Amino acid sequence: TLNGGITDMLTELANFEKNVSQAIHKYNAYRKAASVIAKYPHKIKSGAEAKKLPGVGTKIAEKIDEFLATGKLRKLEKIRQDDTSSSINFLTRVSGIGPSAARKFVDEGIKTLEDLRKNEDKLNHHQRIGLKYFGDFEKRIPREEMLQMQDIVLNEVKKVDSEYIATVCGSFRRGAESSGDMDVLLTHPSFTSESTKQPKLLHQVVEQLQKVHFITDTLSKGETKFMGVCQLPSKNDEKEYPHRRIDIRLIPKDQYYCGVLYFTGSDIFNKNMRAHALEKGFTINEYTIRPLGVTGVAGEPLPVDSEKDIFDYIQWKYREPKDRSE
DNA sequence: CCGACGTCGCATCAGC
DNA sequence: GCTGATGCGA
DNA sequence: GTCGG
Ligand SMILES: Cc1cn([C@H]2C[C@H](O)[C@@H](COP(=O)(O)NP(=O)(O)OP(=O)(O)O)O2)c(=O)[nH]c1=O
Ligand SMILES: [Mn+2]
Ligand SMILES: [Mn+2]
Ligand code: NA
Ligand code: NA
């Protein structure tokens with residue numbers, strides 16, 4: 001938290017450009033700058049010092065100078081005073097509501113948490129559940145709770161088929177002391193890049209986790225990805241645990257390492273790694289790493305037998321999951 | 001200066 | 001219904 | 001908004 005005030009300012013600017021301006025690249029420009037300043041191990045004394053970092057240009061340098069001299073940013077101060085901005089920003093915090101839906105609700109006058117509650121018939125399913133657990137969905141999850149949830153998921157998955165391998169990724173695998181949610185990568189021998197010898201592979205798992213009342217709600221559900229809600233059991237007389245977000249991703253067994261790399265994160269780490277792969281002439285997704293031909297068309301999947309091999313191709317020294325928290 | 005900015009899964013909709 | 005775009009999300 | 005070419 002050496003430069004917490006600065007990275008907060010940039011994060012807020014990033015949120016504004018995303019939710020209000022709907023300018024996704026500005027949003028990522030601020031996010032990158034916030035990220036690169038975050039891992040910077042010096043208390044930044046001036047915007048020019050910060051400009052030396054890759055991802056910090058003139059406009060941000062000027063804003064960091066204003067922030068360091070006053071403790072505030074006049075651009076952010078106005079944005080806060082704007083009703084439309086403050087309204088749209090708030091609505092996007094509800095899962096299922098993006099910038100588009102948030103702005104549309106404001107046109108109708110639906111702009112508060114109470115407006116949403118009286119207008120439930122105007123929300124889709126995802127948004128309704130997002131409103132339902134709006135309170136719970138902003139609480140963090142302590143690692144102690146993540147360990148409990150992990151115990152249940154891995155065992156419930158073992159109870160359906162002993163060949164299911166489940167791996168908790170995301171910030172948990174990065175060794176975070178707390179997580180925003182739980183992320184589960186899933187592999188079964190029947191599902192490979194060649195064939196899907198058994199249908200409902202993800203469905204059976206989800207079905208099981210619902211049966212024991214772990215999974216309580218579903219935001220979206222397909223053949224390879226589940227997006228929903230989970231909750232820890234509470235002993236007698238204790239206040240219930242908050243409902244938590246859970247993502248489950250079924251990825252082909254032979255493509256485990258590309259999947260586990262992607263799911264481990266962080267989102268910005270994946271961004272910078274895949275952006276570096278392009279400069280190196282490769283393309284990385286959750287499945288394979290493919291070379292780029294003379295044209296720029298993805299070639300055939302190069303062989304991968306560890307997470308490190310992916311780093312080897314793009315000429316990166318291996319970085320442990322805890323060193324990827326960007 | 002200026003094109004390019006990771007990559008993909010699911011829900012929802014317009015168009016046929 | 002299918003296909004492709006869009007919205008929102010991982 | 002930033003940056004490599
Ligand atoms: C949202 C997002 C997800 N991911 C794939 C990798 C992110 O690290 C990851 C897990 O998603 P998450 O739980 O939404 N993000 P996190 O696990 O790094 O942070 P947290 O635990 O929710 O706070 O999933 C991306 O590659 N880019 C993204 O923008
Ligand atoms: Mn997570
Ligand atoms: Mn997640
Ligand atoms: Na810079
Ligand atoms: Na949202």
Side-chain angles (χ1 to χ4, degrees), chain A residues 9-11 13-14 16-19 21-37 47 50-64 75 91-105 123-130 137 169-171 179-186 202-203 206 218-229 245-252 255 258-280 282-290 292 296 298 310 314 326:
Chain A
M9 176 186 59
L10 297 178
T11 294
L13 288 163
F16 167 78
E17 302 290 346
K18 181 185 185 182
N19 310 322
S21 299
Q22 299 188 243
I24 195 65
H25 298 303
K26 284 191 170 188
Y27 156 80
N28 282 314
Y30 280 108
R31 269 210 310 166
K32 171 188 284 186
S35 179
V36 75
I37 290 177
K51 194 189 180 306
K52 285 190 161 300
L53 308 179
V56 182
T58 306
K59 306 295 280 299
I60 293 183
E62 275 142 3
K63 303 186 191 77
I64 296 183
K75 181 164 151 65
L91 291 180
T92 60
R93 298 168 58 185
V94 174
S95 180
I97 300 182
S100 170
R103 182 174 296 274
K104 182 176 177 300
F105 288 145
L123 313 173
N124 61 39
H125 182 63
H126 188 149
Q127 292 164 339
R128 196 178 300 238
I129 308 297
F137 282 178
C169 306
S171 57
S179 302
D181 74 331
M182 161 158 291
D183 302 309
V184 178
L185 202 63
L186 182 71
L202 176 62
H203 178 49
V206 165
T218 297
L219 299 187
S220 70
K221 181 155 160 286
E223 302 171 49
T224 56
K225 187 181 68 167
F226 172 82
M227 204 182 310
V229 182
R245 282 276 296 100
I246 176 182
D247 308 286
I248 308 182
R249 183 64 189 270
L250 175 66
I251 272 173
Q255 295 172 333
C258 281
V260 78
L261 173 74
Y262 147 81
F263 226 14
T264 304
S266 69
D267 54 345
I268 294 193
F269 174 82
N270 287 8
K271 226 166 172 292
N272 300 325
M273 181 166 181
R274 296 181 181 189
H276 179 78
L278 291 176
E279 305 175 5
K280 286 298 178 175
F282 305 88
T283 180
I284 303 177
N285 54 11
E286 55 264 58
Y287 303 130
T288 67
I289 174 174
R290 301 186 187 218
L292 302 173
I310 316 174
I314 69 179
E326 292 164 17

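Chain identifiers are assigned alphabetically (A, B, ...) following the order of the sequence lines, protein sequences preceding nucleic acid strands; residue numbering begins at 1 within each chain.
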Q: Nearest whole Å is fine: how far is C/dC8 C1' from A/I129 CD1?
A: 16 Å
Q: Quick check on B/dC8: is either OP1 or OP2 less than 4.0 Å from any side-chain nitrogen or oxygen of A/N285?
A: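 True: A/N285 side-chain N/O within range (under 4.0 Å) of B/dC8 OP1/OP2.
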Q: What nucleotide among B/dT12, C/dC8, D/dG1 has an atom nearest to a side-chain atom of A/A29?
A: D/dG1
Q: Which nucleotide, B/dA11, C/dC8, B/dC5, lies nearest any side-chain atom of A/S220?
A: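 Closest nucleotide among those given: B/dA11.
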Q: So what does A/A23 touch, heavy atoms closer than 4.0 Å: a base, only the sugar-phosphate, or nothing?
A: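 A/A23: no heavy atom of the nucleic acid under 4.0 Å.
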Q: Can you tell if the side chain of A/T224 reaches within under 4.5 Å of the side chain of A/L202, non-hydrogen atoms only?
A: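 Contact flag for A/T224/A/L202 side chains = no.
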Q: Can you identify which nucleotide, out of C/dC8, B/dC8, B/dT12, has its nearest atom closest to the A/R249 side chain?
A: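 Per side-chain heavy atoms of A/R249, the pick is B/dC8.
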Q: Which whole-number value in Å describes the distance from A/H125 NE2 to C/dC8 P?
A: 17 Å
Q: On DNA chain B, compare the nucleotides closest to A/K225 and A/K271; which residue's is nearer the 5' end?
A: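 Checking each residue's closest nucleotide, the 5'-ward one belongs to A/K271.
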Q: Decide between north and south for D/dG1, the convention being positive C1'-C2'-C3'-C4' for north and negative for south.
A: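 Torsion sign negative, so south.
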Q: Would you classify A/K59 as touching base, sugar-phosphate or nothing, given that sugar-phosphate means primed atoms plus P, OP1 and OP2, and contacts are heavy atoms under 4.0 Å?
A: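 Here A/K59 touches the backbone only, sparing every base.
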Q: Provide the distance between the two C1' atoms, one in B/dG9 and one in D/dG1, to the nearest whole Å.
A: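 Taking atom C1' in both B/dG9 and D/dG1, they lie 29 Å apart.
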Q: So A/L13, base contact, sugar-phosphate only, or nothing? Heavy-atom distance under 4.0 Å.
A: nothing
Q: By nearest atom, which of the nucleotides C/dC8, B/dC8, D/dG1 is closest to the A/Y287 side chain?
A: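 Of C/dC8, B/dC8, D/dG1, B/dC8 is nearest to the side chain of A/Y287.
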Q: Between A/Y27 and D/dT2, is there a contact of a side-chain N or O with OP1 or OP2 at under 4.0 Å?
A: no
Q: Assess the residue pair A/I251 and A/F263 against the criterion (side chain to side chain contact (heavy atoms under 4.5 Å, CB included)); give the C-alpha distance rounded to whole Å, side-chain angles, the decisive distance to 0.1 Å, and a yes or no.
A: CA-CA 10 Å; A/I251 272 173; A/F263 226 14; over 6 Å; no
Q: Hey, is the side chain of A/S100 poking within less than 4.0 Å of OP1 or OP2 on C/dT6, counting only N and O atoms?
A: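 It does not, given that no N or O in the side chain of A/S100 lies less than 4.0 Å from OP1 or OP2 of C/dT6.
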Q: Does D/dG1 have OP1 or OP2 sitting under 4.0 Å from an N or O in the side chain of A/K63?
A: yes
Q: For A/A275 and for A/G222, find the nucleotide of DNA chain B with the closest heavy atom, then tell me which residue's nucleotide is more 5'.
A: A/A275
Q: Just which groove, major or minor, has its base atoms within reach of the side chain of A/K26, if reach is under 5.0 Å?
A: major
Q: Tell me what A/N272 touches on the nucleic acid: a base, only sugar-phosphate, or nothing, going by heavy atoms under 4.0 Å.
A: nothing
Q: What's the CD-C1' distance between A/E17 and D/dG1, to the nearest Å?
A: 9 Å
Q: Please report the distance separating the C1' of B/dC8 from the corresponding atom of D/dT2, rounded so that it comes out in whole Å.
A: 25 Å
Q: Using every non-hydrogen atom in the two residues, find where A/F137 and A/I129 come nearest and quote the distance to one decimal.
A: CE1-O, 4.4 Å
Q: Would one find a side-chain N or O of A/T283 under 4.0 angstrom from OP1 or OP2 of B/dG6?
A: no
Q: With the side chain counted from C-beta on, respond yes when A/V94 and A/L123 share a heavy-atom pair under 4.5 Å apart, and no when they do not.
A: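 No. Closest side-chain heavy atoms not under 4.5 Å.
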Q: To the nearest Å, give me how far apart CG (A/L186) and P (B/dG9) are.
A: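 Rounding to the nearest Å, CG of A/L186 and P of B/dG9 are 16 Å apart.
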Q: Quick one: does any side-chain atom of A/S35 pair with a main-chain N or O of A/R31 as donor and acceptor, under 3.5 Å?
A: no
Q: Roughly, in whole Å, what's the span from CD1 in A/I289 to P in B/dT7?
A: 11 Å
Q: Choosing from C/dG9, B/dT7, D/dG1, which nucleotide comes nearest the side chain of A/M227?
A: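 In terms of side-chain proximity for A/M227, the closest of C/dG9, B/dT7, D/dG1 is C/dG9.
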Q: Pick base, sugar-phosphate or nothing for A/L278, based on heavy-atom distances below 4.0 Å to the nucleic acid.
A: sugar-phosphate
Q: Can you tell me how far P of D/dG5 sits from CD of A/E279, to the nearest Å?
A: 8 Å
Q: Can you check the A/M273 CE to B/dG6 P distance for me, whole Å?
A: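 Atom CE in A/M273 sits about 14 Å away from atom P in B/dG6.
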Q: Go through A/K32 and A/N272 one step at a time and tell me if the side chain to side chain contact (heavy atoms under 4.5 Å, CB included) criterion holds.
A: CA-CA 9 Å; A/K32 171 188 284 186; A/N272 300 325; 4.2 Å; yes
Q: Has the side chain of A/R274 got a donor or acceptor atom that lies under 3.5 Å from a matching backbone atom of A/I284?
A: yes
Q: Output the rounded distance in Å from NE2 (A/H25) to P (D/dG1).
A: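 Going from A/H25 (NE2) to D/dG1 (P), I get 14 Å.
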Q: Identify whether any heavy atom of A/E223 sits under 4.0 Å from a base atom; if not, whether one sits that close to sugar-phosphate; answer base, sugar-phosphate or nothing.
A: sugar-phosphate
Q: Using a 4.0 Å heavy-atom cut-off across all strands, classify A/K221 as base, sugar-phosphate, or nothing.
A: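 Result for A/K221 = sugar-phosphate.
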Q: Determine: side-chain N/O of A/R31 to OP1/OP2 of D/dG1, distance under 4.0 Å, yes or no.
A: no
